[PDB]
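*Asks:* Can you look at this? It's an experimental structure, sequence on top.
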Amino acid sequence: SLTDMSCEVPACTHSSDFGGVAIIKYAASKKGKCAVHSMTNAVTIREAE
Amino acid sequence: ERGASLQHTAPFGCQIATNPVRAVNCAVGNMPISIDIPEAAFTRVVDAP
């Protein structure tokens, strides 16, 4: 279970490839694998898990 | 009777040299500068503190 989430983008280039970098700080209840997905169709994330 | 040379009388702070005859560092107007900085010199916002 994730809480106290924050996101910062230190580097971004709008292109066909993964030109954007995002650092997401979180507070997880326990250790485990989490799925990563963009809720906006105009942005796509390289990492799936 | 020659008086002061161009090194002393010239406007815009011109420095005058010989062999070859030339005007150096003319104190006058402005100078546009174009620098094509390579991709490797830059650090992404995410990669920066």
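*Replies:* Thanks, I have it. Numbers count the residues shown, from 1 in each chain, chains lettered A, B, ... in the order given.
*Asks:* For residue B:5, give me its contacts.
*Replies:* residue B:16 (Cβ atoms under 8 Å, 6 or more residues apart in numbering or on different chains). Using the backbone N, CA and C atoms, a C-beta is placed for each residue, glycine as well.
*Asks:* For it, grab phi and psi.
*Replies:* phi -80, psi 170 (degrees, to the nearest 10).
*Asks:* Within range of chain A, give me the residues from chain B.
*Replies:* For chain B, the residues in contact with chain A (Cβ under 8 Å from any Cβ of the partner chain) are B:43-48.
*Asks:* and with 10 Å instead?
*Replies:* B:39, B:42-49 (Cβ under 10 Å from any Cβ of the partner chain).
*Asks:* Now do the same contact list for residue A:47.
*Replies:* A:18, A:22, A:35-37 (Cβ atoms under 10 Å, 6 or more residues apart in numbering or on different chains).
*Asks:* Cool, thanks, talk later.
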